[PDB]
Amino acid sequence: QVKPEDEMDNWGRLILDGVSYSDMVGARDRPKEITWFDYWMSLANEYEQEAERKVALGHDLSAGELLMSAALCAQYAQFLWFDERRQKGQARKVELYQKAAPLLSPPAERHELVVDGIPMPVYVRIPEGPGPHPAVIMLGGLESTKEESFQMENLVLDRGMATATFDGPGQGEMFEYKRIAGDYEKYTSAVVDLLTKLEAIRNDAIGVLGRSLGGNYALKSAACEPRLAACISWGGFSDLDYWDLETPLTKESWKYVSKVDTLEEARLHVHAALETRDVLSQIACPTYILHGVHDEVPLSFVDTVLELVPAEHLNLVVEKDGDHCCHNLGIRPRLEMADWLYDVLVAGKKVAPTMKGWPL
């Protein structure tokens, strides 16, 4: 019952992610013959000529910021687009971030991993001062990919934690290689192997932060990976019982990432692939769950995680006014996330299992 234009113009999400308010208003007030896709793609071009000029003049900092802006314009042109152009927007986002990454401070380093014989670029960022550092692996979702987590990265890098980002099955760069799968944990696991190998990172101090579907992937990664010292499900879920409650374009995304023909074929595939209730009892790390009450993800997920995640590990935050990922609530919840990832990973504070805003 929600409209396509309105699923795309998620003011909260796009503004917190770093999309310019003024571009937003221009998207909203754009002429009716200009599509959402074209509008945002033209801006991506604009921002890219800007950054070229900056580099030419020796303005590297500005050029990194303008390239981030261009990549975010590409991300958001295509994120809920399903025709022949989607492919080009995805590819344009990737091109733009590749240029942005070495101009970002601190820089995003490329590590070209290969999982199950499939190339998987890993982007790593490292905070100020001599080595080593805790890391937060950040997990994308249904449309959220490595190129989009910039501002959340910046929060944890400010708090002396490195970041690592990648696109696995059904996501971003790997979508062409693999449809969405039931063993995402092996992707997160491969990455931990990179970080355990890279001498700039503390091996006992790796955690995982998953956003939306990434939320689900984080819980799965933690349930299957003893070496991870932190799990955050940020607007995630335990299983797909709740399918009928999904928005129309979310149902479209599920079908798109599954590469099936019908919604019921998608539901079937995703429900089995993304189940976690058989293994939630294995998560053995401090586990922070941020849940918006107004999410399409219903409160039975909160029931499930209380029922199944070991009581000693669960840090449960339910925001009564929160939408999906609590984007509508501003930066507060993100800060809280980053500070708690600090307490676990950099602080060494053995945090007490706790509840906020539950029960209602």
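Don't overthink the numbering: it's just position in the shown sequence, from 1.
Higher mean CA temperature factor, per the PDB entry, when comparing 335 to 343 with 17 to 25: 335 to 343.
Note on 70 to 78 vs 196 to 204: mean CA B-factor is higher in 196 to 204. Set against one another, the Cα B-factors of 322, 330, 58, 298 in the record reach their highest point at 58. Residues shown: 182, 226, 235, 141. Highest C-alpha temperature factor in the entry: 226. Sort the modelled residues of the chain by CA B factor and residue 188 lands in the middle third. Among the modelled residues of its chain, residue 133 has a C-alpha B-factor that falls in the highest third, as given in the PDB entry. Among all modelled residues in this chain, the alpha-carbon of residue 87 has a temperature factor (C-alpha) in the middle third. Among the modelled residues of the chain, residue 318 sits in the middle third by CA temperature factor in this PDB entry. The entry lists a Cα temperature factor for residue 93 that places it in the lowest third of the chain's modelled residues.
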